[PDB]
Amino acid sequence: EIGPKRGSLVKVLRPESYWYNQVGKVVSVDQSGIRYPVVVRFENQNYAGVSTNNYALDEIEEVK
Amino acid sequence: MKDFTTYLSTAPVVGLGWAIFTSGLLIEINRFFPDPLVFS
Amino acid sequence: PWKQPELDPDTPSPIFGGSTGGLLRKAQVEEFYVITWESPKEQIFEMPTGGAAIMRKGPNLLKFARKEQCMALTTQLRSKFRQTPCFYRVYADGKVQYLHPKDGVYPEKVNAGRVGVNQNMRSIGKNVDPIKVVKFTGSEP
Amino acid sequence: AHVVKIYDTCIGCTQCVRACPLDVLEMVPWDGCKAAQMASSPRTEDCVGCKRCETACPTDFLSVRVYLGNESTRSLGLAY
Amino acid sequence: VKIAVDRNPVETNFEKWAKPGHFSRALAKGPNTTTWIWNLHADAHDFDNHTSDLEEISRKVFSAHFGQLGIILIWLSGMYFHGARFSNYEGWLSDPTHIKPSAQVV
Amino acid sequence: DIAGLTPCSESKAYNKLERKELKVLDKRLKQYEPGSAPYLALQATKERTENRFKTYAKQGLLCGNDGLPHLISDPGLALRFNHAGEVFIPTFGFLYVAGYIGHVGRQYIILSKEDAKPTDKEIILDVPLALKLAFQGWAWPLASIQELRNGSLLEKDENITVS
Ligand code: CLA
Ligand code: CLA
Ligand code: CLA
Ligand code: CLA
Ligand SMILES: CC1=C(/C=C/C(C)=C/C=C/C(C)=C/C=C/C=C(C)/C=C/C=C(C)/C=C/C2=C(C)CCCC2(C)C)C(C)(C)CCC1
Ligand SMILES: CC1=C(/C=C/C(C)=C/C=C/C(C)=C/C=C/C=C(C)/C=C/C=C(C)/C=C/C2=C(C)CCCC2(C)C)C(C)(C)CCC1
Ligand code: SF4
Ligand code: SF4
C-alpha cells in the first residue's frame, strides 16, 4: 500500500482549497505513480457545487 | 398526521408561531402597563 | 485528417431569403469564415444570425463574419442531426485556412500527433508573487 | 490576445474543451493522470474571454485559468 | 368536441408538504447551501420547467387559477364585511357631501 | 440635579406640554355626545395622558429647557443621583435575554450536527428538542463560564483560512 487507508478521514493542507484545515473521507487511492492520487469526498460543497477533489500525499495529514 | 406535524415543523410555520408569541407578548405588555420608559 | 480538404467556393447554399445579421464591410476588408457540411435529406435548421433556413441534400455552404457564429452551428448540427461540419477562414487577400478539425479528430478526443502548449507543470497557485517580476511582464508565465 | 494556462491538476474530463465555443482548447495525451489525457491551448489568438472553461473545471481550484489582457478584433467579438 | 376527464390522478396527503422541492429534480435532493431556499420560492410556480408534459402543465394552471378567485372573493367579502360592521355607511348615505367614508377603525 | 437639567416636576414647559396635549382632546371631545363610544375612547386617552405625565415626574426624571425628559448613561452619575433605572439597569435586562438566544441556538446547532443529515434539521426543526433547550436556558451565564473555564467553547485552528 502506498497511501492512507480506504474510508479513513484526513485533513487537507492545500492553501488554495475551499477545504483547508477541514476533514473528509478518503474515497480511493491510486498506486500507479500519479502526482495527485488521493481522492477525497467532503459533505460540504464548494462554491461551484463539487464535493470531491484529488489531493496529494504531502497535502493531506491525519485528522485533528 | 405524521407528515402534517412535519409540515408544521418547517421553518416559516414555526416562525409564525414565534412571531405571534413575541408580538402578542409585547403588545399585551403595552396594553396593560401602558407607556414604560424608566423601570421604577 | 488524412489530408486537409481544400475549399470548393462554388457549392449550393441553403434556401434562405436573407436577413440583416449577414456580413458587413469588415468581411470584404479583413476576413470572413465559411462552413461546409453534407446532409442526407432536406431539413430545417435555425441560423445563428436571423431565422430558419432549409438545407439541401448534398454539400452546403454558408458565409459568416465570426468564428463563434460558425461553431455555434456545428454544435447544433452535431447534436440535432449528427453531422460532421468543417469550416475555414478566408482573408481579404484570398488566402484560406482550415481551422477547427485541424487534426481531423475533434478536440474533445485525444490523438497521438498532438503536442502540448501552454502547459505549466505546477499546481494552480504555487507561483511567484508579482514583486519578483515587478519590472517586466508576467507572473503566470 | 488573451492568455490561457493549464496547470498540473488536470484530470482529463474534457469538459473545458466541450464548453469553449471558439475551439481554443484541445486534448493531448499525458502520463500524469488516470485518463492519460491533458488539455492544451494552442490557439489563444481566437480566445474571447467567456470563462466558460473555468466554469466547467471540477477541481478544488481550477486547472484552467484565463488571464485577461490586451484586446483585439477577434477578442472583442466584433462582427464589424 | 366533447368532455374528457381523467379520474383520481393524484392522491391527496401531506407527504409532499414535508418534502419541499419535490417538484424539481435538483431541489428534491435537499439543501447544502442557502441558495436552495431562494430557488425554492422562485421555481415554485414555473410549471413549464418542472415537466415537459403539456397536459400536467394545463392541469396545474387551471386549478391554480381557481385559487386566485378564492383569494379575491374573501378579499372582496372582507370589504363588504368591514364596511358593514366597522363603517359609517348609513351616516354617509344621509349626508354624503359633508361626511367622509371610513371602514378601518383602529 | 446634574448637567444643568431641572427635574420634570419643577419644570414649567413640562406642565405647558401637558396642558397643550389635553387641550387637543377637549376640543376633539366637544364634537361628540357624552354617552357615545367616541367619547369613551377620548376620555380613556385623556386618562392615559394624565397618567403618563405624572408617572414620569414621580420617577425623578430630568427635563431640559425644551421640557422633555432626558436620560443619563454613566452608572456613576446614575447611582449617585438616583437615575439607574433609565439606562444602567435595562442594560442587564437585555443581555440576559440576548445571551439566552445565543446559548439556545448554539446548543441546537451542536446537537443536530452530531447526527445524520443536519441540513434537514435546520429547515425542518425538531420542535421537541428546541422547546427543551428553550426552557433549560434560564441559567446560561453559568454554562458559559463553565464552558470557558473548561475550554470547550472555542475551536483551535481547525478553521479554514484563505491565503
Ligand atoms: C442568504 C442568507 C441566509 C439565509 C436565507 C439563512 C437562512 C437560515 N439560517 Mg442562516 N446565516 C447566514 C445567512 C443566511 N441564513 C449567515 C450569513 C450566517 C452567518 C455565518 C448565518 C448563520 C446562521 C446560524 C448560526 C443559524 C442560521 C439559521 C438559519 C435558519 C433559520 C431558521 C429559523 O429561524 O428557525 C425558525 C424560526 C425561529 C424563530 C425558531 C423559534 C423556535 C421557538 C423556540 C418555537 C416556539 C414557538 C412555538 C413552537 C409556537 C407557539 C405558538 C402559539 C402561541 C400559537 C434558516 C434556514 C439557524 C438554523 O440552523 O436553523 C435552526 C442557525 O442556528 N444561520
Ligand atoms: C394566489 C396565491 C397562490 C396560489 C393560488 C398558489 C398555488 C400553488 N402554490 Mg404557491 N406560492 C405563493 C402564492 C400562491 N401559490 C406565494 C406568494 C409563494 C411564496 C413565494 C408561493 C410559494 C410556493 C411554493 C414554495 C410551493 C407552492 C406550491 C403551490 C401549489 C400548491 C397547492 C397546494 O398544496 O394546495 C394548498 C392547499 C390549500 C388548502 C390552501 C390553504 C392552506 C392553508 C394555508 C393551511 C395551512 C396553514 C397552516 C395551518 C399555518 C397557518 C395558519 C393560518 C395563520 C393561515 C399551487 C399551484 C407548491 C407546489 O407544489 O407547486 C408546484 C410549492 O412547492 N407555492
Ligand atoms: C405562502 C407563501 C410563502 C412565503 C411568504 C414564504 C416566505 C419565506 N419562506 Mg417559505 N415556503 C412556502 C411558502 C412561503 N414562504 C411553502 C409553500 C413552502 C413549502 C412547504 C415553503 C418552504 C420553506 C422552507 C423550507 C424555508 C422557507 C423559508 C422562508 C423564508 C426565507 C428565509 C429568510 O429570508 O429568512 C431568513 C431568516 C433568518 C436569517 C433568521 C431567522 C429570523 C426569521 C426572519 C424569523 C421568522 C420569520 C417568520 C417565518 C415570518 C412569518 C411568516 C411571514 C411569511 C408572514 C421566508 C420568510 C426559509 C426559512 O428559514 O424561513 C424562516 C426556509 O428554510 N420556506
Ligand atoms: C357559460 C360557460 C362558462 C362560463 C361562465 C365560464 C367562466 C369562466 N371561465 Mg371558462 N370555460 C368554459 C365555459 C365557461 N367558463 C368552457 C366551455 C371551457 C372549455 C372549452 C372553459 C375553459 C376555461 C379555462 C381553461 C379557464 C376558464 C376560466 C374561467 C373563469 C375566468 C375568470 C374570470 O374572468 O373572472 C370571472 C370570475 C367569475 C365571474 C366568478 C364566478 C366563479 C364561478 C364559480 C363560475 C361559475 C360558472 C361555471 C363555469 C359554471 C359551471 C360550473 C359547474 C359545472 C359546477 C370564468 C369564471 C379560467 C379559470 O378557471 O379561472 C379560475 C381558466 O383558466 N374557462
Ligand atoms: C409604565 C408603568 C409602570 C412601569 C412598567 C414597567 C414594566 C416598567 C418599565 C419597563 C422597562 C424595563 C423599561 C425599559 C426602558 C428602556 C430604555 C430606557 C431603553 C433605551 C435604550 C437605550 C439605553 C439605547 C441606547 C443606545 C444608544 C443611544 C446608542 C448606542 C447604543 C445604545 C443601544 C446603547 C408601572 C408598573 C409603574 C405601572 C404604571 C405605568
Ligand atoms: C457596563 C456599561 C457600560 C460600559 C461598558 C464597557 C465600556 C464595557 C466594555 C467591554 C469590553 C471592552 C469588552 C469586550 C470584550 C467582549 C467580549 C469578548 C464579549 C464576549 C462575547 C463572547 C465571547 C460570546 C458570547 C456568546 C455567544 C456569541 C453565543 C455563545 C455563548 C455566549 C453568550 C457567551 C456603559 C457605560 C457603556 C453603558 C452602561 C453599562
Ligand atoms: S476542465 Fe480542468 S480538470 Fe477538466 S480536463 Fe480540462 S484542465 Fe483537466
Ligand atoms: S474564455 Fe472561452 S474562448 Fe477563451 S479559452 Fe475559455 S472557453 Fe475558450
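Residues numbered from 1 in each chain as written, not as in the entry; some residues may be left out. Chains lettered and ligands numbered in written order. Part of a larger assembly, values for the part shown. Heavy atoms only, no water.

- Header annotation of the entry names cryo-EM as the structure determination method and lists the resolution as 3.2 Å.

- Labelled according to the PDB entry, chain D appears under the name Photosystem I iron-sulfur center, originating from Dunaliella salina.
- The deposited entry bears the title "Structure of a minimal photosystem I from a green alga".
- Quoted straight from UniProt, the Subunit (unreviewed entry) entry for chain D says "The eukaryotic PSI reaction center is composed of at least 11 subunits."
- Under the Catalytic activity (unreviewed entry) heading, UniProt states for chain D: "reduced [plastocyanin] + hnu + oxidized [2Fe-2S]-[ferredoxin] = oxidized [plastocyanin] + reduced [2Fe-2S]-[ferredoxin]". (UniProt positions renumbered as here; feature names shortened; annotations may be inferred.)

- In the annotation of the PDB entry, chain B is listed under the name Photosystem I reaction center subunit IX and assigned to Dunaliella salina.
- UniProt lists a comment for chain B under the heading Sequence similarities (unreviewed entry), and it reads "Belongs to the PsaJ family."
- The record in UniProt for chain B states the following under Function (unreviewed entry): "May help in the organization of the PsaE and PsaF subunits."

1. What about the state of the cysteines?
Here comes step 1: In this structure the tally under the stated criterion is 1 disulfide over all chains.
Here comes step 2: Between the sulfur atoms of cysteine 8 of chain F and its disulfide mate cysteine 63 of chain F the distance is 2.0 Å. Handedness here is read from the sign of the S-S torsion; for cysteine 8 of chain F and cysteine 63 of chain F, about 95°, the answer is right-handed. Of this pair, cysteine 8 of chain F sits in the loop between β1 (6-7) and α1 (12-29) while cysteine 63 of chain F sits in strand β2 (residues 62-63); the two residues are 55 residues apart in sequence, bridging distant segments of the chain. The burial state of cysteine 8 of chain F is the same as that of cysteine 63 of chain F; both residues are buried.
Here comes step 3: Sulfur of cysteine 86 of chain C: no disulfide; nearest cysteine sulfur belongs to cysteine 70 of chain C and is 11 Å away. (Disulfide = S-S within 2.5 Å. Helix = DSSP H or I, 4+ residues; strand = E, 2+ residues; numbered from the N terminus. Buried < 20%, exposed > 50% of the residue type's maximum accessible area, 1.4 Å probe, protein only.)

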